[PDB]
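1. kindly return the folded structure for what I paste below:
(5 chains, ligands or ions: 6)
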Amino acid sequence: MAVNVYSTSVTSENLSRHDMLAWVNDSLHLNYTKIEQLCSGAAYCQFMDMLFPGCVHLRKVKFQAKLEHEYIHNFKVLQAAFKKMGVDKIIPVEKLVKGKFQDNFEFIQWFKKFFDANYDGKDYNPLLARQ
Amino acid sequence: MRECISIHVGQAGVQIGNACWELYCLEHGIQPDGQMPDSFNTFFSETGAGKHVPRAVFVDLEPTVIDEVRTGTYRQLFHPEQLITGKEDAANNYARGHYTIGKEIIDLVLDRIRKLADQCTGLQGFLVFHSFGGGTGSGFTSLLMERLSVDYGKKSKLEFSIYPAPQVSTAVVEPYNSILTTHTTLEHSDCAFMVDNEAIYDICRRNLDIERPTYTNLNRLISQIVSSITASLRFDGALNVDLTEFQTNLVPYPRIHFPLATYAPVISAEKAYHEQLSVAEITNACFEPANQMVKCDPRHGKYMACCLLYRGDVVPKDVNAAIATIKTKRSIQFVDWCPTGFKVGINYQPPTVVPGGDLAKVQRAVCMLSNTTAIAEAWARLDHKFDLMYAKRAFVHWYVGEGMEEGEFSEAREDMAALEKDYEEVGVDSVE
Amino acid sequence: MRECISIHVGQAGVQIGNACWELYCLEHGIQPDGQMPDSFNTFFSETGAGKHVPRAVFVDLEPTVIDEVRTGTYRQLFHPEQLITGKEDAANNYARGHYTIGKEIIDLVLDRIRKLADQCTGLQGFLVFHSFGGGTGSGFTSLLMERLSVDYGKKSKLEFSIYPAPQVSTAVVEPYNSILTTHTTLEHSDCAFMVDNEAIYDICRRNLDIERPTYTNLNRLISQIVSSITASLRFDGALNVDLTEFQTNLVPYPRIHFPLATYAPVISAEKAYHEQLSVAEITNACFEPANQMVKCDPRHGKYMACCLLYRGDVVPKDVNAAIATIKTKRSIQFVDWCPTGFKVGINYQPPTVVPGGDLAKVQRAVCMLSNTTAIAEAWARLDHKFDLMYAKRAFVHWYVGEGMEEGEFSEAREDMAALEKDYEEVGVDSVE
Amino acid sequence: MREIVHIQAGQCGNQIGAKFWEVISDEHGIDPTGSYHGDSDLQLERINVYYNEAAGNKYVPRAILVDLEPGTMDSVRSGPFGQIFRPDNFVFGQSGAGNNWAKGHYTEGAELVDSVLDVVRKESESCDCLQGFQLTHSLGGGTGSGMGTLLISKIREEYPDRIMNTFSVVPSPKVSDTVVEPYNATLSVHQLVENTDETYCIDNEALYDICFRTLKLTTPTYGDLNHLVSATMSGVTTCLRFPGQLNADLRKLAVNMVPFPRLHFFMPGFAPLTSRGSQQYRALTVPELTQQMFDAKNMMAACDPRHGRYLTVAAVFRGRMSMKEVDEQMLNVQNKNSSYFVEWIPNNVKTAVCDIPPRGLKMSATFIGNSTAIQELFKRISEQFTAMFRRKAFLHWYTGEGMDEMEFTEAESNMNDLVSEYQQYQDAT
Amino acid sequence: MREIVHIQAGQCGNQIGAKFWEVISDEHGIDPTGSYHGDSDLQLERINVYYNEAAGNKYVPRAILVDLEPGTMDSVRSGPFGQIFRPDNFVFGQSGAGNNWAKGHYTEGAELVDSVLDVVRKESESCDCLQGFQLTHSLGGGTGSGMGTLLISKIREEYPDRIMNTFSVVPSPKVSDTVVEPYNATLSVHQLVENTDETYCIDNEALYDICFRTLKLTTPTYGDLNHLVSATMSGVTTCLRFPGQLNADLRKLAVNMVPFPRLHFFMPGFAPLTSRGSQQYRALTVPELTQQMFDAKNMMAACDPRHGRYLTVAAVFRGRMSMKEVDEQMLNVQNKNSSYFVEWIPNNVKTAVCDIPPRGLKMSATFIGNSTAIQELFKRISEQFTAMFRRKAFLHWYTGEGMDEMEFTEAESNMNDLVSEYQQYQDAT
Ligand SMILES: Nc1nc2c(ncn2[C@@H]2O[C@H](COP(=O)(O)OP(=O)(O)OP(=O)(O)O)[C@@H](O)[C@H]2O)c(=O)[nH]1
Ligand SMILES: Nc1nc2c(ncn2[C@@H]2O[C@H](COP(=O)(O)OP(=O)(O)OP(=O)(O)O)[C@@H](O)[C@H]2O)c(=O)[nH]1
Ligand SMILES: Nc1nc2c(ncn2[C@@H]2O[C@H](COP(=O)(O)OP(=O)(O)O)[C@@H](O)[C@H]2O)c(=O)[nH]1
Ligand SMILES: Nc1nc2c(ncn2[C@@H]2O[C@H](COP(=O)(O)OP(=O)(O)O)[C@@H](O)[C@H]2O)c(=O)[nH]1
Ligand SMILES: [Mg+2]
Ligand SMILES: [Mg+2]
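-> Residues are numbered from 1 along each chain as shown, chains lettered A, B, ... in the order given. Ligands and ions are numbered 1, 2, ... in the order given. Below is the structure:
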């Protein structure tokens, strides 16, 4: 069971670039220095696993993706997970995979809201998920 | 490149849309058949043949008003799929608009929007025309805004709304519709431009010497304001403003997104001669309360932002001079947290006049978009109206019958109370 | 050189054939008398005089439908020996078609086919038109396929089949006929292109604005798809596909040989103007479920192969671009064992329009042939239908009376069960 | 040698730039097609400072045009001289910045910046000995301000040993042309102080005054304002492009005018400026020119030099004139107006003379003043910033783009510190 | 002397071939009838490299056209230049291959191969000193891929001491043009590694990009793609056909570019490429050309050279130009981009200059890069192959033609080994 969120015109409820990156690194044990590195989709797929036990076939996800098509593949996996959970937000895949800051920042702000709505506090060691 | 897509909801929205698209055609030299014997492209898509189609959607829950479009002078101008009609209207009921009747056509409307947006290379966003009082204008529009926010989000959405008058109503349930729609749409809209029928009527009578103004006249006037707002995108200019800038310049706090529009000069042929109509003169006219298109008193409020959009034979120095003098004037007070209150646009193209129109042809015009704490008066009034009826639960059964819950009335009311307090807080000057 | 021979079985097959051959004549400039005032030669044999005869056989077990061909506008187009009729029909009974009545004319049909093939220098194979539901379309066609497999074998055989709808039937015994014919024909056919009357009707009403579509309209639509498939052989093109390639590109496992056809754009003169109809636009249209010609939901299935056949004013780069974006789209999922899912054909000749047709003349069209696990739904439904009737042995006496054995019902059923499980297995993603 | 790379950002940046390029082409005898139709060999000698030579006897501006929306660009393309520019040197976005510094610096601008950098690098590699960069833009908008500053940051990182100079159109005192202008200016200034070597402050209020009072133009247009600015711009590089008697360049001017690294904000002026009727009643002599230069009414920044002290003043003369006379005049102003000149920098007037005058004129002069009075401008901005920031007005437009209050705070502090620094040297003995 | 035999297989192979022959005829002043109407003696001097001289002052391409279906052939015959070809040199089947490598290599192709071989042998016997063979085809189809490889195998067996080179149109990354393309490519590659001396990898994705971004062609046609490829092709043999200052040929290029026998897969590039409007704003100088050559966006293979290292790079210049300048430019790229060049092959840039430029141009350049980045392409194919083969998808189409799983397996393994080999040298110090 999942729910949907919207962010457009708000105040005092949006994370700075630094804070948001810090959250992602702490949550998933990652070392990103640019928000645009999230455009590979592996991180988002991992977050899905942590939120909703089961859900994604993580053995198919490429965690060290370097090429546009690899990123596309990860987002297909993510798309399937969104379908399974009934989250109705359209992911702008073509814009995300170009690694553009604006679009990636928009998506992370939505995804953070979505995560907060749905996260139950369970422990999750993402290293095992990775390998 | 900089595309802009227009959505016309319910009778008001559609009829204003008819006036707007008639004007646009005249401005770009597009015939009623879509033919012209490059800037138009922001509002018109173009076929393989020499034909141009409005980037527009017209929606109403009943067929009557749209049927006129279909059978009228501009039948060939619009593509059939952009004129969307249901069977039964929302019967002045927000519930019917938002839920019972609206849920049947929302998907269709959104699908067409998606297709429109697909053919844009640089979509700037949406212009939404409706009213606060009707079941469609209130309920359907709120629904639509929700969906648009979800599916697009960061695209700037602008609303032009026929805000109801103090002493000139059309329906009995107007306050309910107004309150609910404002509540539901507030977090989804970026800026909403209010206009009031009473004010426009008064202007028509006093300034244009019209004994008996028709809705057509009001629509025409509205069209002018729209043109001023979009002329920066449809023409070349000296100093430019593009739809995203308005929100930046006029909205100081997220909730306080209701500016008001004022146009100058509105004159007849008899009064167009006998006077020179300088930039200073029209600027002064704009500020003065009698020329405003909302029945509200700025002398009793404070200005938080003014945006001045000049068009035609205009000289930037002159504009600067005019503004400076208005700044000095005792009757114009600005909030203490805003030393810089003016955003200024200047465009080369004079306002074009519709054949058989009530306005005379002028060398210059100006459209002011101004945000004022004085508008809070209207909100208070509306709240009072809601209170009087709700205390007796008058008409409430209708809304509940269409699936609304009574608690939602209270919810909407409290949200509006909060909004009123926000304005009041903003009003006060800074300590220390 | 690259000859292709068309076989039209029963009422559906014959009537679709009439529509197809009318279209072919218009496309190649062949008059109803066989006269023309070189590529046509793949479908028409040529006499000593300036006359052209279809490489076709029309077969029905009763005379009525073929008699119309004989007495109609194209009486001179066909040679008498290519119009084959018996005395009594198969009476919606597979048994009568396959055994009792069919065994009397099969030899004749095959003899004529042999003679047709003798005058081919590079016969590519056969196009077979029929339906699943009729006694002739089901029973006779299955018989015919058996014989063709024996006498030719490696020649690629393609079937166009009027697959029965979920909620729109014509006969009561349809499920029986469908199941048996599918069982008996499965190992003998290389690829079968399903089309559904309900879907086409819906399309006619929604997309073509036709209040009351006739079978003629459906036939015409079908003809278009056929033309797209065969245009690569009948015209010159940039990037080509020849009948043998379809089987290679669309059939991943021997049993899973049921793709589905979708055509775009299907529009009227009123809606042909008012829009530019780009390659991206039509490609997107194709995928979307509402334009499909089978009453099935791809959103609930996975794509295993798509073949896109473009025709007319088309640019390969543009096609590539269009496909790329569709690949990204969330609503299009492909099976995990298929990273490359698109086969693309581009032909220079625009779709030609039949005088008095329901479709408008367009610069571009596209015909998608797509194989989807979603079609398994239909199979399940059909199985369920079989089960309900068979549990009571309803109508079974008819079939047994014509020499069928009851055990063969069970056999056919189990084979279809197996087929259903095959699809399901295919559906799942790869382990590790 | 000493090739300059020109960069234009946003509406104002591009519109000034177009005018500047029209002027320079006229000066060097280049027509709207890029062909040389001039008379003298001096016009071509140093043509490479601003132009690349293309095939078939054409010259193309070493100019890069940047905007987050395509309208201004389009206009430029359609304008007189629009066809002279390299098509590949127009770098335009589709979104716009919506008068938001954040969008220009961090969001939309960031999506575009790399594409611009790529062009810039290529341009740099053209040049045998790159002098540096001149950037034209406003501080009040989103593109010129946010994206321009970003460009400055990156270019400087890439080329730290070249000169970085800017022609910045600053917010006026009397009336604002934007509601959030104090924010945009404030954020810009923080960047400028750390990343530019010199910044010419130009203010439309001053320009209008000049047009109205001095040029006697009842109805000036933005074009007429732009022309003045372009004349100043051309004046600053004149000694790099034409032989003279005492040759200046961009480096020398910086050295003479900037005694401390942060104090690199100038107030430019130009002379002579006269009406059509009123020019026949005056003599264009050196002293007259000097007098015109050294007044307050002819400064293009909205601050009175009489409210502060001149740290350093550079005077650049164009035309055939007497060096002795110039020296006399410069000495005279220092002697008689002693109280307006800082006492601890003796002989704080720097002079340059280029023999080639501008078109139509026998002689002309350009003034560069580094005055402690410019602190007033900064103070105003700080005040305006404060009034808005204390109530967090419009802040969600910037925070919505990922920015934090901390950044704003730091910017405010930095600006205040700069003002303090100016004050300190004003009062020093 | 040094006569080349041209071979064309399948649709793509034939369509490229037609374009190539149109180009070469134009170059040598040959019209659609085979008659010489050129101006200079240099055009005829080495005409025998590509043309046989027939009776009555006509020239006929030493070209063999092969296809398992007759449509493309027919089109070619009806095309402009169709009548120049020897009628007996069209070898066409009637069946087709149905996009099946098996059919092309073992079945239909096998029925046709001997007939082609017979023609080929005759052609070879014409020539006084046969240089070798150039084969044009795709790896994604059935004819060009399966039948082409068969031809390569047989020809090589017959003539093991001649050069075997191929212009192979490879499957792209973004979108496939065939469902079984990974199979067909994979099987092809196994043959190519053992039987060709050099293979130019050309990818339509790259070509489209070039057309769109560099040539500014909104609506490119396949013809326009073909022309680019033909220009590259002509560039590679230019020094064999025209006198120059430093003469290359096919053997020398192979020697310079192939340090290990299996690593013979190149990424070609061509310069200069410009729009109609945008050409007047640039100068066609050697450095510019060099820069255009050595970027990633101008490579015709879908792999970024910045993701690997260049093993060896050959640059072929056509036009009257300075050798010193060329040497400077080549040195410069090596020096400044040191990290993109393998460290254990010093001076890994080979230069050739032919004095005769292409038509319409003052100078032109062709680039041949042997980059370890091409391994990415192979890896992709291997991955795609795996995904399908693990589920035995479409396999019955190939096994039905007599093929076994073992063959597939071996092919997969061989391809993997090649990738490993590339990786090894990428990482070697
Ligand atoms: N300015 C202007 N106002 C209009 C026009 N038509 C209607 N209105 C105003 O709109 C309000 C009535 O709402 P409508 O738009 O008619 O109602 P609706 O949206 O169709 O909703 P339902 O009919 O209840 O489904 C009143 O305040 C009218 O005065 C018009 O042409 N111009
Ligand atoms: N699309 C289309 N479907 C048709 C047409 N005529 C019949 N059908 C369909 O074909 C099925 C009925 O089969 P028929 O072809 O009439 O029967 P038959 O093959 O003559 O077999 P018997 O009459 O039982 O010997 C039904 O699903 C009809 O809807 C037609 O002209 N077009
Ligand atoms: N001198 C001059 N100033 C201009 C011109 N155009 C705009 N401005 C000023 O620049 C400011 C607006 O910023 P602008 O550059 O248009 O915004 P941006 O495009 O977002 O950077 C206002 O203060 C204008 O007065 C011009 O052509 N000349
Ligand atoms: N560059 C180029 N590629 C082509 C052309 N024609 C076909 N192709 C490509 O070749 C592949 C199809 O193979 P093809 O040679 O038609 O099949 P075959 O005839 O069975 O070998 C696809 O990837 C096409 O994009 C052409 O004219 N030019
Ligand atoms: Mg209504
Ligand atoms: Mg029948």
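2. ok, residue D:399 touching residue A:13?
-> No - using CB atoms under 8 Å, residue D:399 is not in contact with residue A:13, being 9.8 Å away. Where C-beta positions appear, they are placed from N, C-alpha and C, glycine not excepted.
3. neighbour-wise, which of these two wins?
-> Just comparing residue D:399 and residue A:13: by other CB atoms under 10 Å in any protein chain shown the higher neighbour count belongs to residue D:399, 22 against 10.
4. and residue D:268, that's in a strand?
-> Yes - assessed by DSSP: H, G, I helix; E, B strand; the rest coil, residue D:268 belongs to a strand.
5. report the contact partners of it.
-> D:200, D:201, D:202, D:232, D:299, D:300, D:301, D:366, D:367, D:368, D:369 (CB atoms under 8 Å, 6 or more residues apart in numbering or on different chains).
6. spit out the contact partners of the second one.
-> Which is residue D:201. D:168, D:170, D:265, D:266, D:267, D:268, D:300, D:301, D:374, D:377.
7. just give me the neighbour total for the nearest residue to residue D:341 once chain neighbours are set aside.
-> Ranked by CB to CB, 6 or more residues apart in numbering or on different chains and with sequence neighbours excluded, the top spatial neighbour of residue D:341 is residue D:310, at 5.1 Å. Counted by other CB under 10 Å, the residues lying close to residue D:310 total 22.
8. now swap in residue A:109 and tell me
-> 20.
9. please apply the same query to the one 3 residues further on.
-> Applying the criterion other CB under 10 Å, we find 18 residues in the vicinity of residue A:112.
10. that one contacts residue A:15, correct?
-> Yes - using CB under 8 Å, residue A:112 makes contact with residue A:15 at a distance of 6.6 Å.
11. overlap in contacts of the two?
-> By CB under 8 Å, 6+ apart, the residues touching both residue A:112 and residue A:15 are residue A:23.
12. thinking again about what came up before, filter the contacts of residue D:201 down to the buried ones.
-> D:168, D:170, D:265, D:266, D:267, D:268, D:300, D:301, D:374, D:377 (16 or more other CB atoms under 10 Å in any protein chain shown).
13. tell me the contacts of the residue positioned nearest the centre of chain A?
-> Against the mean C-alpha coordinate of chain A, by CA atoms, centre = their mean, the closest residue is residue A:44 at 2.4 Å. Residue A:44 makes contact with A:38, A:74, A:75, A:78, A:111 under the criterion CB under 8 Å, 6+ apart.
14. and what of residue B:128?
-> By CB under 8 Å, 6+ apart, the contact list for residue B:128 reads B:7, B:9, B:13, B:141, B:144, B:145, B:157, B:158, B:159, B:160.
15. gap between the particular helix or strand that has the first one in it and the chain center?
-> With secondary structure defined by DSSP states H and E, residue B:7 is part of strand B:4-9. The chain centroid and the centroid of strand B:4-9 are separated by 11 Å, computed with CA atoms, centre = their mean, to the nearest Å.
16. partners of that strand, with directions?
-> Strand B:4-9 sits in its sheet next to strand B:56-60 (parallel), strand B:125-131 (parallel), going by DSSP bridges.
17. what helices or strands is the helix or strand following it leaning on?
-> Using DSSP H and E, the next helix or strand after strand B:4-9 towards the C-terminus is helix B:10-28. Secondary-structure packing of helix B:10-28 (3 or more CB pairs under 8 Å, 6 or more residues apart in numbering or on different chains; DSSP states H and E): strand B:4-9, strand B:52-54, strand B:56-60, helix B:64-71, strand B:125-131, strand B:156-163, helix B:215-234.
18. name the residues that touch the shortest one?
-> Spelled out, it's strand B:52-54. So strand B:52-54 is contacted by B:6, B:21, B:24, B:28, B:30, B:34-36, B:40, B:43-47, B:77-79, B:82, C:274-275 (CB under 8 Å, 6+ apart).
19. look up phi and psi at residue B:272.
-> For residue B:272, the backbone dihedrals (degrees, to the nearest 10) come out as phi -80, psi -40.
20. so which of the strands paired with strand B:4-9 comes closest to ligand 1?
-> Nearest of these to ligand 1, taken as CB to the nearest ligand atom: strand B:125-131 at 3.7 Å.
21. so that closest one versus helix B:215-234, what angle?
-> 170 degrees (axes from the mean of the first three to the mean of the last three CA atoms, to 10 degrees).
22. and strand B:125-131, anywhere near ligand 1?
-> Yes - contact of strand B:125-131 with ligand 1 (CB under 6 Å from any ligand atom) involves residue B:131.
23. for that strand, the distance to its chain's centre please.
-> Chain-centre distance of strand B:125-131: 7 Å, with CA atoms, centre = their mean.
24. for stretch B:388-401, same thing?
-> The answer for stretch B:388-401 is 29 Å, by CA atoms, centre = their mean.
25. can you tell me if it touches ligand 1.
-> No - Stretch B:388-401 lies apart from ligand 1 when judged by CB under 6 Å from any ligand atom; the minimum separation is 11.6 Å.
26. can I see the domain layout of chain D?
-> Following curated CATH domains, one gets these domains for chain D: D:1-259, D:260-373, D:374-429.
27. out of these, which comes closest to residue B:126?
-> domain D:1-259 (15.3 Å; CB to CB).
28. can you pull out the strands in chain D?
-> Ranges of strands in chain D, per DSSP state E, are D:3-9, D:51-54, D:58-61, D:63-67, D:90-92, D:130-138, D:163-170, D:198-203, D:244-246, D:265-271, D:310-319, D:349-354, D:363-371.
29. now distance to ligand 6 too, for these, in a markdown table please.
-> Converted to a markdown table, these look like this (distance: least, CB to the ion, whole Å):
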| stretch | distance to ligand 6 |
| --- | --- |
| strand D:3-9 | 77 |
| strand D:51-54 | 78 |
| strand D:58-61 | 78 |
| strand D:63-67 | 71 |
| strand D:90-92 | 67 |
| strand D:130-138 | 81 |
| strand D:163-170 | 85 |
| strand D:198-203 | 90 |
| strand D:244-246 | 104 |
| strand D:265-271 | 95 |
| strand D:310-319 | 101 |
| strand D:349-354 | 101 |
| strand D:363-371 | 99 |
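30. dump the ones you listed to JSON lines, plus distance to residue E:237.
-> Output for these, formatted as JSON lines (distance: least, CB to CB, whole Å):
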{"stretch": "strand D:3-9", "distance to residue E:237": "41"}
{"stretch": "strand D:51-54", "distance to residue E:237": "32"}
{"stretch": "strand D:58-61", "distance to residue E:237": "35"}
{"stretch": "strand D:63-67", "distance to residue E:237": "41"}
{"stretch": "strand D:90-92", "distance to residue E:237": "40"}
{"stretch": "strand D:130-138", "distance to residue E:237": "41"}
{"stretch": "strand D:163-170", "distance to residue E:237": "51"}
{"stretch": "strand D:198-203", "distance to residue E:237": "57"}
{"stretch": "strand D:244-246", "distance to residue E:237": "58"}
{"stretch": "strand D:265-271", "distance to residue E:237": "62"}
{"stretch": "strand D:310-319", "distance to residue E:237": "60"}
{"stretch": "strand D:349-354", "distance to residue E:237": "57"}
{"stretch": "strand D:363-371", "distance to residue E:237": "61"}
